[PDB]
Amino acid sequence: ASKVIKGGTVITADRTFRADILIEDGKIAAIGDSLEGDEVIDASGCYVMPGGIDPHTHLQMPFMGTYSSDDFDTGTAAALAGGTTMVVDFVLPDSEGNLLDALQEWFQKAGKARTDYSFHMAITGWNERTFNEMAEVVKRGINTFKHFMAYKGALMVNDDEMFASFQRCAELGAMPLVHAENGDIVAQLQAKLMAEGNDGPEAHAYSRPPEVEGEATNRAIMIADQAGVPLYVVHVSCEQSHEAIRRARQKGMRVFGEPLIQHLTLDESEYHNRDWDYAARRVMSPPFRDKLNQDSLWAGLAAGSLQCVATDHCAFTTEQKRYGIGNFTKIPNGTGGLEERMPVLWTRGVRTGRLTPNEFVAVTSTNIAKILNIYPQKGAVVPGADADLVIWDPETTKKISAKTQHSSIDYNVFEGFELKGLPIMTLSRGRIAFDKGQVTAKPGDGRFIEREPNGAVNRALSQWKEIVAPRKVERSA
């Protein structure tokens, strides 16, 4: 039974045009002037875009013997209600390198996904087991490996481990991701701040100022380039890390950057709210920054030095945040934004002219699809693509509120944002997944998306590195 989306205006990363869309067997069958189908969906007056891909989520993430509050069920509901049809989550193995066991456990979690998903595999140590299982992980359809330069004593790896891992990535045709903050300096700053009685939520930001992110970003870049592999920097929050990426790209290094919607539109003044709960709720890493940083990130999206908007979705209830009363290091880090990502970006970015509608599509789905090597299966409006689509009414308005959010927690860091232009229908592989304010996709409707290694940028870089490889001088006896 086919669907035809009629009367809409298609917006993709490359063009905007009036067209009908015929959907058969979960895929786009045809795009053209007048199409017929068994079931008609009216998109008159609306835009039709690829469903959003959010490459950065932490659904049901383990914390202190419990979990974050949004799991793959409520998380994907929030995603769908915001026009996002795919999430990419981070698998977190132990330092022993039980990558495959951790993967199995994340598959169990993701069984509740209401829409399609994939994984990044984190690397939280280095040893022979880790080295071997990375090969198998790539065979299972995961082509990215996430590294933490912070979280000393938990997730952190050092330069030595990171270089070996990046080289293994290069070898497998995978691409490293990095959380770039200097973990040694943050740990000492945390301890010093706590020792001085500087223990409130605002001190979380004090313990990891922008220079600490800027440095680690620069270092991760050096190591990836030495290893001959592209690098993806997650949650680029400030001018210091953005500058490191621009400078690397101008040297011809292959580096991608991902600003969070939070860092595009929220700022550190939130931590100076007189209410402890209010300030603690906004604690995440990297923290909200000086507002001046926002323009840098926006300009990067427009200039192409930053490519993907994400949310780092990790939602905790007020009760969970309160674990850090009297100690900011015990406030669970994370704010949720899955539902808010595309709508906030549309109002703040497209309606203001900071982004063309086409750039909007590029930085919400198409770019990350290309970067993770699943374009055009995802992030595309072309025949043969998965029919993951959002129907966007440019005229509808709302005020963001915790009272109406699909996320399970009791607050919303975008509380009060005035929006115009909203997702009114979301389709996941041709199925109506969100409609008339209701999430219609059921838990288990989502499936794992396998990804192939050795994307175009990996291959070009490897070829170039071979060209410029330094050679031994031939010397007579």
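Residue numbers here begin at 1 and follow the sequence given.
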Mean Cα B-factor comparison, 215-223 or 381-389, giving the higher one as deposited: 381-389
Comparing 436-444 with 59-67, the higher average Cα temperature factor in the PDB entry belongs to 59-67
Residue selected from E196, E258, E268, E340 by maximal Cα B factor: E196
Just grab whichever of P230, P287, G111, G141 has the top CA B-factor as deposited. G111
When the modelled residues of the chain are sorted by Cα temperature factor, does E239 land in the lowest, middle or highest third? middle
So where's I31 on the chain's Cα temperature factor ranking, which third? highest
Among all modelled residues of this chain, ranked by Cα B factor, put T130 in the bottom, middle or top third, i.e. lowest, middle or highest. highest
Comparing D312 with the other modelled residues of its chain, is its CA B-factor in the lowest, middle or highest third? middle
Comparing against every modelled residue in the chain, figure out the third that the C-alpha B-factor of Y206 lands in (lowest, middle or highest). middle
